[PDB]
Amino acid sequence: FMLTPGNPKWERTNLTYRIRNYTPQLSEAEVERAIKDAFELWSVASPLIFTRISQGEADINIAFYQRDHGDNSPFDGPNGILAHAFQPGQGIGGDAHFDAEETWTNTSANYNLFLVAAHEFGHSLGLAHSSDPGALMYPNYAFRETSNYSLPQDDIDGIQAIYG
């Protein structure tokens, strides 16, 4: 596994998240379900608890944006970069942005919002990319059955190394 340089970590364990907007490819429910299940993989392997707020200042804000979107790291249209996240911190820290131009799905067709969100959430929690091709934290996307999905061992090792 690989930790974000500088080892940034949340000095807190109950963190809140907020879904600022949705993608019209999927229903709101399915979007909300992908995010919830994505936060839970990490949750069952660490002491972190995740609470959703409908509005207000959450620790981790989630949003789908296009090209330029205020943070100096414009997305690039279809394919290529799918999403990105900010390491732990106050402010934009912890935030996860998804490319609004992608095809978001909840099947095997590219892309599956759950596998990508669970990936972004590791970064928001302080993990960098892993060189283990089987880890969720691998640089490039790959579909894995999601129905009864759980965190690969290399990723468990990773949040464990950070949070215990």
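Numbers for residues come from their place in the sequence shown, where the first is 1.
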Checklist entry - If you average the Cα B factors in the entry, which is higher, 50-58 or 33-41? => result 50-58
Item to check | 128-136 or 114-122, whichever carries the higher mean Cα B-factor | outcome: 128-136
Item to check | Relative C-alpha B-factor of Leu26, binned into the chain's lowest, middle or highest third | outcome: highest
Item to check | Chain third (lowest, middle, highest) by recorded CA B-factor, residue given as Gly89 | outcome: highest
Next on the checklist: When the deposited Cα B-factors of this chain's modelled residues are ordered and cut into thirds, is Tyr17 in the lowest, the middle or the highest one?
Outcome noted: lowest
Checklist entry - Relative to the other modelled residues in the chain, which third contains the C-alpha temperature factor of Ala161: lowest, middle or highest? => result lowest
